[PDB]
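Have a look at the structure below before the remarks.
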Amino acid sequence: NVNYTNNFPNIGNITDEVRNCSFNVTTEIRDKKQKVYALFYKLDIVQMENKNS
Amino acid sequence: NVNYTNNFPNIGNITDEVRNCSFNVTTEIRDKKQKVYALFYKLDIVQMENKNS
Amino acid sequence: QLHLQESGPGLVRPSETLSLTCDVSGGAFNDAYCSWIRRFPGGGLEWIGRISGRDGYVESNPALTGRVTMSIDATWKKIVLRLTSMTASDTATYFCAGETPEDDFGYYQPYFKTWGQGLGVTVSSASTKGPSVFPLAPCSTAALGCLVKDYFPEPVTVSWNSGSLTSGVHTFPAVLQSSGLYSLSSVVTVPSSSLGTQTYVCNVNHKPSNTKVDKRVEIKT
Amino acid sequence: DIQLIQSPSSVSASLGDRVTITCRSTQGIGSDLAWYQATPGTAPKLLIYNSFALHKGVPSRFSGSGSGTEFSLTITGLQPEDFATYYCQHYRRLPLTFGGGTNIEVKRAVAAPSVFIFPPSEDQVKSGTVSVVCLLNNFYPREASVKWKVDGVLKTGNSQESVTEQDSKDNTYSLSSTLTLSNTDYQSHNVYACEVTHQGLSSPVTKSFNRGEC
Ligand SMILES: *[C@@H]1O[C@H](CO)[C@@H](O[C@@H]2O[C@H](CO)[C@@H](O[C@@H]3O[C@H](CO[C@H]4O[C@H](CO[C@H]5O[C@H](CO)[C@@H](O)[C@H](O)[C@@H]5O)[C@@H](O)[C@H](O[C@H]5O[C@H](CO)[C@@H](O)[C@H](O)[C@@H]5O)[C@@H]4O)[C@@H](O)[C@H](O[C@H]4O[C@H](CO)[C@@H](O)[C@H](O)[C@@H]4O)[C@@H]3O)[C@H](O)[C@H]2NC(C)=O)[C@H](O)[C@H]1NC(C)=O
Ligand SMILES: *[C@@H]1O[C@H](CO)[C@@H](O)[C@H](O)[C@H]1NC(C)=O
Ligand SMILES: *[C@@H]1O[C@H](CO)[C@@H](O)[C@H](O)[C@H]1NC(C)=O
Ligand SMILES: *[C@@H]1O[C@H](CO)[C@@H](O)[C@H](O)[C@H]1NC(C)=O
């Protein structure tokens, strides 16, 4: 990222709010699964058992 | 059951009309299944092949 | 029925593969999963990787990330556990238990129904060494003892008078020091009324060496 | 990955008491659990699976309980084979971590330890080593701290311990506290007295040997 970031308000930084999660979805063909990554805000994901999942 | 069961009609009992049916559900460990149980009436289940299934 | 008995090599040199083999008798692991459990002295039990019967697939404890390797063969009564770069902290009683193939509450549930016999394995260099016997005696209720040092391997029987295995025989567990050669103490509790008169012959014997040594307690003043 | 902690790590009870154990998890393992009765020197024997289902053949007094995270076991009557190490095991997800291992023993015949002392013999001097041991006998319970005031300074580390199991006659133990030294250091200091700590006794009894021939 850029460093100075125009720190006029200087409120904070979006780290520790988003998570870079990878998961297996299905492509246009049912018999083919692909692993894809996505950035999700921490308010959209809940933590089930096995805390690293 | 209780013994008397208010034996005024003296017709029969619901056994030989109901069944346990149980089915797999997948779990965390690979090649491990958990049985889910239910009681189904004999009029709602049919035996296709490989008896007791 | 299902019986699991394992012999394997036994004691092996440090940094050498421990290729333990478990024998299945009566039944077969055509569909069940076989597992390895080792039990450290005291402490608890640590699960080792798993193997299937219909297919060749190996699980592994993440602590032993790459040290483990398993094998299965055509007949389903032979199985081998292979460990690489085996360190000096791998003394345990490697058990052999099979996962439950079916149950009221699930299928292939990995709770160990029937265990094996196992074996108490230890690893150490400078292994071969003959026992050395020392006596024990006070200077003036007291007791005596027959210490055995730098012996190998376990165990060493401690015959108190060859018939005095009745009272006060507190045969302590063997101990291992930093030198790698074991020390084993012994004692028989006797009051202060039969000292200096009756001989307390102590015929401590090691099975592979037969260290037949006779000694008695003496009071020196 | 999942750490099971079972309590109490040490408990003692007499015949026919009411004993309870707990095996708390750090993550929810559902109802998946198993209990074992692992006597030392032999393989463990399964008692409970799915945390409440009694195994077949085993005595039916192991009324297990618990669900979710707090799992507990209860015993109504105590057999002579009851007193052994217990382990709680989960099988929710890999790895299959076991428990720490609680201990159950008979709690009777409280008494005070008997302290002994044995200065090394002359033939132990023929070899370049010194074998002096302070023996502990007839004490309850297991835990005890042995001190060695070597001229008032404790050169700790050389005090080895070896405790026999629970007794079948008067329910005691036996620790072998020894400090194996050499001739170049054993003769340097003056006093080698062993002092222990216990509750059933009155004062910690000091045992030593005279400097010289004893
Ligand atoms: C809830 O889930 C559970 C578990 O998922 C489920 O129960 C399973 O149901 C399936 C399907 O019915 C069962 O699968 C069968 O397994 C049979 C055993 O296979 C093993 O043994 C083979 C031969 O060795 C044995 O042979 C005879 C057989 O009776 C025996 O006496 C001998 O003593 C000897 O031990 C062995 O060849 C086989 O290994 C082959 O297969 C694997 C996997 O494909 C392959 O990788 C290997 O290389 C090798 O080729 C295995 O070790 C088996 O006989 C049977 O096979 C029949 O079905 C296939 C496929 O449909 C057909 O091609 C053909 O008709 C075969 O005859 C089948 O594979 C499984 O055992 C159950 N598990 C249990 C009971 O624990 C429940 O049903 C579920 N609940 C529901 C659905 O309600
Ligand atoms: C991200 O936010 C933290 C929180 O204060 C801050 O310290 C850090 O400088 C920000 N930027 C980066 C690149 O970490
Ligand atoms: C996606 O699937 C692949 C192979 O099936 C697996 O290696 C990977 O760990 C999976 N990723 C997940 C479940 O996030
Ligand atoms: C149910 O009815 C049958 C009739 O044949 C009888 O034999 C049985 O005892 C009754 N009760 C139960 C619990 O099955």
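In this analysis, Cβ positions are derived from the backbone assuming ideal geometry, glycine residues included, and neighbour counts consider all displayed protein chains. What is reported rests on the model, the rules as stated and the sources as named; no laboratory instrument gave them.
Scanning the stretch D:1-33 for residues that are farther than 16 Å from D:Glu70 by Cβ and of a type in the set (A, V, I, L, M, F, W, C) gives D:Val11, D:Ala13, D:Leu15, D:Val19. Restricted to the stretch D:12-37, and to residues there that are among the small types (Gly, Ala, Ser) and not in a loop (DSSP other than H, G, I, E, B), the residue that is nearest to the other protein chains (Cβ to nearest Cβ) is D:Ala34. If I filter the stretch D:162-173 for residues that are buried (at least 20 other Cβ atoms within 10 Å of the Cβ) and among the small types (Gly, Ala, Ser), do I get at least one hit? Scanning the stretch D:162-173 turns up no residue that is buried (at least 20 other Cβ atoms within 10 Å of the Cβ) and among the small types (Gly, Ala, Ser). Within the stretch C:173-221, restricting attention to residues that are out of contact with any strand residue (DSSP E or B) (no Cβ under 7 Å at 6 or more places or on another chain) and of a type in the set (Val, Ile, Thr), the residue that is farthest from the other protein chains (Cβ to nearest Cβ) is C:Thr197. Count, please, the residues in the stretch D:133-147 that happen to be surrounded by fewer than 21 Cβ atoms within 10 Å (Cβ to Cβ) and not in a loop (DSSP other than H, G, I, E, B). The qualifying residues number 3. When C:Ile79, C:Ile48 are screened for being outside any loop (DSSP other than H, G, I, E, B), away from every other protein chain (no Cβ under 12 Å) and of a type outside the set (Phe, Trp, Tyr), only C:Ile79 passes. Using the structure shown, decide if D:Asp1 is over 19 Å from the mean Cα position of the chain (by Cα) and surrounded by 16 or more Cβ atoms within 10 Å (Cβ to Cβ). No; evaluated as a whole, the condition is false for this residue.
Residues of the stretch D:53-86 being of a type in the set (S, T, N, Q), closer than 23 Å to C:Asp103 by Cβ and part of a strand (DSSP E or B), which ones? Matches in the stretch D:53-86: D:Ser63, D:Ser67, D:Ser72, D:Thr74.
Looking only at the stretch B:41-53, decide whether some residue is over 29 Å from C:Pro101 (Cβ atoms), more than 16 Å from ligand 3 (Cβ to nearest atom) and surrounded by 10 or more Cβ atoms within 10 Å (Cβ to Cβ). Within the stretch B:41-53, one or more residues are over 29 Å from C:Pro101 (Cβ atoms), more than 16 Å from ligand 3 (Cβ to nearest atom) and surrounded by 10 or more Cβ atoms within 10 Å (Cβ to Cβ).
Taking D:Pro40 as the residue in question, decide whether it is surrounded by 13 or more Cβ atoms within 10 Å (Cβ to Cβ), of a type outside the set (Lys, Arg) and assigned to a loop (DSSP other than H, G, I, E, B). Judged against the criteria, D:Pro40 is not a match.
Examine the stretch D:129-146 for a residue that is away from chain C (no Cβ under 14 Å) and of a type in the set (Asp, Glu), and state whether such a residue exists. Yes - at least one qualifying residue is present in the stretch D:129-146. Apart from one condition, D:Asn138 fits all of (1) in the same structural domain as D:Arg61 (by CATH); (2) on the phi > 0 side of the Ramachandran plot; the exception is (1). Across the stretch D:124-148, the number of residues qualifying as more than 19 Å from C:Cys139 (Cβ to Cβ) and either in contact with a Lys or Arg (Cβ under 7 Å, 6 or more places away or on another chain) or among the charged types (D, E, K, R) (or both) comes to 3. Does the stretch C:14-31 include one or more residues that are among the hydrophobic types (A, V, I, L, M, F, W, C) and within 14 Å of chain D (Cβ to nearest Cβ)? There is at least one residue in the stretch C:14-31 that is among the hydrophobic types (A, V, I, L, M, F, W, C) and within 14 Å of chain D (Cβ to nearest Cβ).
Considering only the stretch D:87-115, state which residues are outside any loop (DSSP other than H, G, I, E, B) and among the hydroxyl-bearing types (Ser, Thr, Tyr).
Scanning the stretch D:87-115 gives D:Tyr87, D:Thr102, D:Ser114.
Within the stretch B:17-36, restricting attention to residues that are within 10 Å of the chain's Cα centre (by Cα) and either loosely packed, with under 10 Cβ neighbours inside 10 Å or within 11 Å of ligand 1 (Cβ to nearest atom) (or both), which residue is farthest from the other protein chains (Cβ to nearest Cβ)? Selected residue: B:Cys21. Count of the stretch C:24-60 residues, restricted to those that are touching a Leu at 6+ places or on another chain (Cβ under 7 Å) and surrounded by fewer than 18 Cβ atoms within 10 Å (Cβ to Cβ), is 2. Total residues in the stretch C:96-107 satisfying the condition of being small (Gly, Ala, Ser) and within 7 Å of another protein chain (Cβ to nearest Cβ): the figure is 1. Among the residues of the stretch C:131-185, those identified as closer than 19 Å to C:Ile219 by Cβ and assigned to a loop (DSSP other than H, G, I, E, B) are C:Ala137, C:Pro138, C:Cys139, C:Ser140, C:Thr141, C:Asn161, C:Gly168.
Each row is one residue, and each column tells you yes or no for (1) more than 24 Å from C:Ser7 (Cβ to Cβ); (2) out of contact with any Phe, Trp or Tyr (no Cβ under 7 Å at 6 or more places or on another chain); (3) more than 8 Å from every other protein chain (Cβ to nearest Cβ).
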{"residue": "C:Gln109", "(1), (2), (3)": "yes, no, no"}
{"residue": "C:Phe112", "(1), (2), (3)": "no, yes, no"}
{"residue": "C:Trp115", "(1), (2), (3)": "no, no, no"}
{"residue": "C:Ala126", "(1), (2), (3)": "yes, yes, yes"}
{"residue": "C:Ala143", "(1), (2), (3)": "yes, no, no"}
{"residue": "C:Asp150", "(1), (2), (3)": "yes, yes, yes"}
{"residue": "C:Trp160", "(1), (2), (3)": "yes, yes, yes"}
{"residue": "C:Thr171", "(1), (2), (3)": "yes, yes, no"}
